[PDB]
Amino acid sequence: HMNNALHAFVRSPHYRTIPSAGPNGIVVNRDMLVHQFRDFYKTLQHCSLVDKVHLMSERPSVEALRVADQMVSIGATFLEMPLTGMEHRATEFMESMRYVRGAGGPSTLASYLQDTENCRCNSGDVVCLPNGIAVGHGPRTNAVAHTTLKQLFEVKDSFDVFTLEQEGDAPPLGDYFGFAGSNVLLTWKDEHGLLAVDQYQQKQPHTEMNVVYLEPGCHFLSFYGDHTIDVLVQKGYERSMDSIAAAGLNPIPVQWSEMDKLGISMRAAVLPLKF
């Protein structure tokens with residue numbers, strides 16, 4: 001066991017402003033929610049995924065829990081997202097950057113995507129792979145972003161940038177499509193994961209991939225980068241947990257019902273910074 005130098009920033013929920021119901025109308029239990037987040041923070045603390053967990057101060061909007069939206073880390077680059085859809089979150093991202101700097105992190109973030117005209121990109125649509133990234137193309141991440149990410153990182157000699165075309169109702173790619181261990185592909189069993197898997201296996205047909213089919217809705221957390229086998233799995237998805245352990249991985253159950261109902265994946269609630 002060795003320390004991966006990965007730092008995870010999260011923001012605790014503001015109890016007073018937790019909505020009573022999620023975007024679809026299902027009931028949300030704020031007492032359960034703050035319970036689950038404290039347990040989630042403690043789970044991140046003792047596992048192989050991250051090294052150090054940093055808690056950030058409360059803000060009066062449940063959107064501020066989506067700390068992953070601010071940036072994505074590709075290699076040693078901390079790539080800022082364009083603010084075209086989230087101008088109202090500038091002051092939040094700001095405050096988050098003070099926590100990053102205070103922990104010994106970067107002084108600034110790379111502004112390539114912010115300096116590129118008409119570039120739309122969502123951090124969840126970028127998924128880190130063995131020697132490259134898979135980027136979803138669809139309702140959040142447009143083709144300029146794919147063009148820009150390729151010139152930023154693609155190396156044909158190798159670092160691949162796979163474009164995976166998404167349907168209009170696809171969630172961010174990383175919510176249902178991920179990597180674990182050395183060569184394990186994690187994907188949801190719905191139209192979105194199955195399409196992404198069909199596309200990715202054609203673009204990379206040379207290294208055979210162990211595809212693990214999770215149940216649709218099974219929130220999971222695993223970022224490739226030591227090939228640790230720890231994968232956070234939403235508590236309640238029994239068969240998914242079986243599928244993950246059937247592939248030599250370590251499924252770690254996390255109670256996530258209330259953040260699930262809020263529309264916030266575990267991935268969205270953790271800002272992982274590859275120091």
# chains A, B, ... in the order shown; residues from 1 in each chain; ligands from 1
call {"tool": "select_by_dssp", "arguments": {"residues": "segment 42-78 of chain A", "states": "helix (DSSP H, G or I)", "output": "MDAnalysis selection string"}}
result
chainID A and resid 42:45 62:65 67:70
call {"tool": "select_by_dssp", "arguments": {"residues": "segment 154-229 of chain A", "states": "strand (DSSP E)", "output": "list in words"}}
result
residues 160, 161, 162, 163, 164, 165, 177, 178, 179, 180, 184, 185, 186, 187, 188, 210, 211, 212, 213, 214, 220 and 221 of chain A
call {"tool": "write_last_selection", "arguments": {"atoms": "C-alpha atoms", "output": "mmCIF file, in the first residue's frame"}}
result
data_model
loop_
_atom_site.group_PDB
_atom_site.id
_atom_site.type_symbol
_atom_site.label_atom_id
_atom_site.label_comp_id
_atom_site.auth_asym_id
_atom_site.auth_seq_id
_atom_site.Cartn_x
_atom_site.Cartn_y
_atom_site.Cartn_z
ATOM 1 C CA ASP A 160 -5.500 8.859 -26.798
ATOM 2 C CA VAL A 161 -8.533 11.135 -26.650
ATOM 3 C CA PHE A 162 -11.531 8.949 -27.511
ATOM 4 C CA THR A 163 -14.695 10.809 -28.531
ATOM 5 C CA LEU A 164 -17.818 8.908 -27.436
ATOM 6 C CA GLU A 165 -20.979 10.269 -29.060
ATOM 7 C CA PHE A 177 -18.749 4.844 -17.497
ATOM 8 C CA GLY A 178 -15.498 4.392 -15.632
ATOM 9 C CA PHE A 179 -12.224 2.565 -15.029
ATOM 10 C CA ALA A 180 -10.862 0.497 -12.158
ATOM 11 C CA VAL A 184 -11.473 -3.173 -15.800
ATOM 12 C CA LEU A 185 -14.168 -1.146 -17.580
ATOM 13 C CA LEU A 186 -17.175 -0.188 -15.443
ATOM 14 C CA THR A 187 -20.379 0.651 -17.289
ATOM 15 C CA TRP A 188 -24.101 0.899 -16.624
ATOM 16 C CA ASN A 210 -12.723 -6.639 -18.796
ATOM 17 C CA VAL A 211 -16.132 -4.955 -18.956
ATOM 18 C CA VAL A 212 -18.156 -5.082 -15.726
ATOM 19 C CA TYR A 213 -21.858 -4.377 -16.258
ATOM 20 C CA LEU A 214 -23.341 -2.472 -13.324
ATOM 21 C CA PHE A 220 -19.799 4.291 -8.229
ATOM 22 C CA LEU A 221 -16.516 6.074 -7.572
#
call {"tool": "atom_distance", "arguments": {"atom1": "atom CA of residue 111 of chain A", "atom2": "atom CA of residue 12 of chain A"}}
result
27.1 Å
call {"tool": "residues_around", "arguments": {"residues": "segment 59-72 of chain A", "least_positions_apart": "5", "cutoff": "9 Å", "atoms": "only C-alpha atoms", "output": "VMD selection string"}}
result
chain A and resid 9 to 19 77 to 83 89 92 to 93 96 109 122 to 124 126 262 264 to 265 267 to 273
call {"tool": "residues_around", "arguments": {"residues": "segment 127-129 of chain A", "least_positions_apart": "5", "cutoff": "7 Å", "atoms": "only C-alpha atoms", "output": "ChimeraX atom specification"}}
result
/A:134-135,174,178-179,223-224
call {"tool": "closest_residue", "arguments": {"among": "A:266, A:259, A:246, A:195", "to": "residue 27 of chain A", "atoms": "only C-alpha atoms"}}
result
A:259
call {"tool": "residues_around", "arguments": {"residues": "segment 43-49 of chain A", "least_positions_apart": "5", "cutoff": "8 Å", "atoms": "only C-alpha atoms", "output": "PyMOL selection string"}}
result
chain A and resi 1+4+6+222-223+228-231+254
call {"tool": "closest_residue", "arguments": {"among": "A:138, A:181, A:253, A:130", "to": "residue 39 of chain A", "atoms": "only C-alpha atoms"}}
result
A:253
call {"tool": "residues_around", "arguments": {"residues": "residue 26 of chain A", "least_positions_apart": "6", "cutoff": "10 Å", "atoms": "only C-alpha atoms", "output": "list in words"}}
result
residues 20, 258, 261 and 262 of chain A
call {"tool": "decode", "arguments": {"residues": "segment 87-124 of chain A", "atoms": "N, CA and C atoms", "output": "compact mmCIF listing (two decimals), in the first residue's frame"}}
result
# COMPACT_ATOMS: atom_id res chain seq x y z
N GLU A 87 -22.21 30.52 -14.81
CA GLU A 87 -21.68 31.82 -14.41
C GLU A 87 -21.97 32.10 -12.94
N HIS A 88 -23.17 31.74 -12.48
CA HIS A 88 -23.60 32.00 -11.11
C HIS A 88 -22.79 31.24 -10.07
N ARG A 89 -21.88 30.36 -10.49
CA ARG A 89 -21.06 29.59 -9.56
C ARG A 89 -19.62 30.08 -9.50
N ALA A 90 -19.33 31.24 -10.09
CA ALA A 90 -17.97 31.75 -10.09
C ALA A 90 -17.46 31.96 -8.67
N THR A 91 -18.26 32.60 -7.82
CA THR A 91 -17.78 32.90 -6.48
C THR A 91 -17.60 31.64 -5.65
N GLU A 92 -18.38 30.60 -5.94
CA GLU A 92 -18.15 29.30 -5.30
C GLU A 92 -16.81 28.72 -5.72
N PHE A 93 -16.58 28.59 -7.03
CA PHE A 93 -15.33 28.03 -7.54
C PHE A 93 -14.13 28.78 -6.97
N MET A 94 -14.29 30.09 -6.81
CA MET A 94 -13.29 30.94 -6.18
C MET A 94 -12.93 30.44 -4.79
N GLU A 95 -13.94 30.35 -3.93
CA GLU A 95 -13.74 29.93 -2.55
C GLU A 95 -13.11 28.54 -2.50
N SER A 96 -13.57 27.64 -3.38
CA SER A 96 -12.96 26.33 -3.50
C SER A 96 -11.48 26.43 -3.84
N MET A 97 -11.08 27.45 -4.61
CA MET A 97 -9.68 27.58 -4.99
C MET A 97 -8.82 28.02 -3.82
N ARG A 98 -9.40 28.73 -2.85
CA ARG A 98 -8.64 29.06 -1.65
C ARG A 98 -8.31 27.81 -0.85
N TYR A 99 -9.26 26.88 -0.75
CA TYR A 99 -8.99 25.61 -0.09
C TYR A 99 -7.91 24.83 -0.82
N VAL A 100 -7.92 24.87 -2.15
CA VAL A 100 -6.91 24.16 -2.93
C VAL A 100 -5.53 24.76 -2.67
N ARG A 101 -5.42 26.08 -2.75
CA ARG A 101 -4.14 26.74 -2.49
C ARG A 101 -3.69 26.51 -1.06
N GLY A 102 -4.62 26.60 -0.10
CA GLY A 102 -4.25 26.45 1.30
C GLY A 102 -3.69 25.08 1.62
N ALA A 103 -4.10 24.06 0.88
CA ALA A 103 -3.62 22.70 1.10
C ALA A 103 -2.30 22.43 0.39
N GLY A 104 -1.64 23.46 -0.14
CA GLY A 104 -0.43 23.26 -0.91
C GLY A 104 -0.65 22.93 -2.36
N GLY A 105 -1.85 23.19 -2.89
CA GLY A 105 -2.16 22.87 -4.26
C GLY A 105 -1.70 23.92 -5.25
N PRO A 106 -2.19 23.83 -6.48
CA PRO A 106 -1.80 24.81 -7.51
C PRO A 106 -2.23 26.21 -7.12
N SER A 107 -1.43 27.19 -7.55
CA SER A 107 -1.80 28.58 -7.32
C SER A 107 -2.93 29.01 -8.25
N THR A 108 -2.89 28.55 -9.50
CA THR A 108 -3.92 28.83 -10.49
C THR A 108 -4.31 27.53 -11.18
N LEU A 109 -5.33 27.60 -12.02
CA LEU A 109 -5.72 26.48 -12.87
C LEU A 109 -5.45 26.83 -14.32
N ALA A 110 -5.20 25.80 -15.13
CA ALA A 110 -5.04 25.99 -16.56
C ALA A 110 -6.32 26.54 -17.15
N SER A 111 -6.20 27.60 -17.95
CA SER A 111 -7.35 28.32 -18.48
C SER A 111 -7.57 28.07 -19.97
N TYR A 112 -7.02 26.98 -20.51
CA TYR A 112 -7.16 26.69 -21.94
C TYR A 112 -8.62 26.67 -22.37
N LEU A 113 -9.44 25.88 -21.69
CA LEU A 113 -10.85 25.75 -22.08
C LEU A 113 -11.60 27.05 -21.89
N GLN A 114 -11.23 27.85 -20.89
CA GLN A 114 -11.87 29.14 -20.68
C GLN A 114 -11.43 30.16 -21.73
N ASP A 115 -10.25 29.98 -22.31
CA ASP A 115 -9.74 30.89 -23.33
C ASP A 115 -10.10 30.47 -24.75
N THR A 116 -10.85 29.38 -24.92
CA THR A 116 -11.21 28.87 -26.24
C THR A 116 -12.65 29.26 -26.56
N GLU A 117 -12.84 29.95 -27.69
CA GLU A 117 -14.17 30.43 -28.02
C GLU A 117 -15.12 29.27 -28.33
N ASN A 118 -16.36 29.40 -27.83
CA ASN A 118 -17.45 28.45 -28.06
C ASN A 118 -17.17 27.06 -27.51
N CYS A 119 -16.20 26.95 -26.61
CA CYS A 119 -15.85 25.67 -26.00
C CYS A 119 -16.81 25.39 -24.85
N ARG A 120 -17.60 24.33 -24.97
CA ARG A 120 -18.47 23.87 -23.90
C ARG A 120 -17.95 22.52 -23.42
N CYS A 121 -17.74 22.38 -22.11
CA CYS A 121 -17.22 21.11 -21.61
C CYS A 121 -17.70 20.93 -20.17
N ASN A 122 -17.98 19.68 -19.81
CA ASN A 122 -18.40 19.30 -18.46
C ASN A 122 -17.38 18.32 -17.91
N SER A 123 -16.90 18.57 -16.69
CA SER A 123 -15.82 17.75 -16.15
C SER A 123 -16.20 16.28 -16.07
N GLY A 124 -17.48 15.99 -15.83
CA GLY A 124 -17.93 14.61 -15.77
C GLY A 124 -17.92 13.90 -17.10
